[PDB]
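Visitor: Numbering (the authors' numbering), first residue to last: 111 to 287.
Even for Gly, the Cβ is constructed at its ideal location relative to N, Cα and C.
Below is a structure I'd like to ask you about.
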Ligand SMILES: [Ca+2]
């Protein structure tokens, strides 16, 4: 006894799909004929791409597997006219948010310039994406080495730089001189 007849489906199944009847019986959260399209439940973000059910693949710089944490890495620029973005450069990675709310200069590429305090709280604060509460940043820690002097300490609303004697903190260029 022999037969060339296919004792099963005809189409092709991938992605946890059962190949029966004529169409693929898709894995949970998969759609399409061969079930190769995953359900982008909460919507893709940052121009990503759906790879699994609700698993969108996220481009760069979003923490949390649902990329709604749009923290891109960028150089924090400290002084901008049409002339320079700072003038001595710096691989200070922080968020634009940080650089705008606190320090109030610019950040990113190519040179994204912003006012200081954006939200009506206090420049040294960022509205918690959880509570909504304006929280002070350890600007010292949150804007890597922005203070060029001796010590850098933090109060809410502003950081405190400790300068050697004779020196004088200049918050225009966070410089003790
Ligand atoms: Ca602070």
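Measuring alpha carbon to alpha carbon, tell me which of 210, 218 and 181 ends up nearest residue 249.
Guide: Looking at the Cα atoms, 210 is the closest of the given residues.
Visitor: Taking residue 150 and residue 160 to be in contact with their CB atoms under 8 Å, please state how far apart those CB atoms are, rounded to whole angstroms.
Guide: 4 Å
Visitor: Can you list every residue whose CB sits closer than 7 Å to some heavy atom of ligand 1, going in chain order?
Guide: Matched residues: 212, 234, 246, 247, 248, 249, 264, 265, 266, 267, 268 and 269.
Visitor: So within the stretch 230-275, which uninterrupted alpha helix (DSSP H) runs reach at least 4 residues, ignoring any that extend past its ends?
Guide: 249-252
Visitor: Which of the three DSSP states, helix, strand or coil, is assigned to residue 211?
Guide: helix
Visitor: Does the stretch 191-208 touch the stretch 262-270, meaning 3 or more C-beta pairs lie closer than 8 Å?
Guide: no
Visitor: By Cβ distance below 7 Å, which residues in the same chain neighbour residue 189 in space, the five residues on each side in sequence not counted?
Guide: Hits under 7 Å: 196, 197 and 215.
Visitor: In terms of alpha-carbon separation, which member of 229, 247 and 183 lies closest to residue 220?
Guide: 183
Visitor: Thinking residue 130 and residue 119 are a contact (beta carbons under 8 Å), I'd like their distance in whole angstroms, please.
Guide: 6 Å
Visitor: Can you list, in chain order, the residues of its chain whose CB lies under 8 Å from that of residue 126, leaving out five sequence neighbours each side?
Guide: 136, 137, 138, 140 and 145
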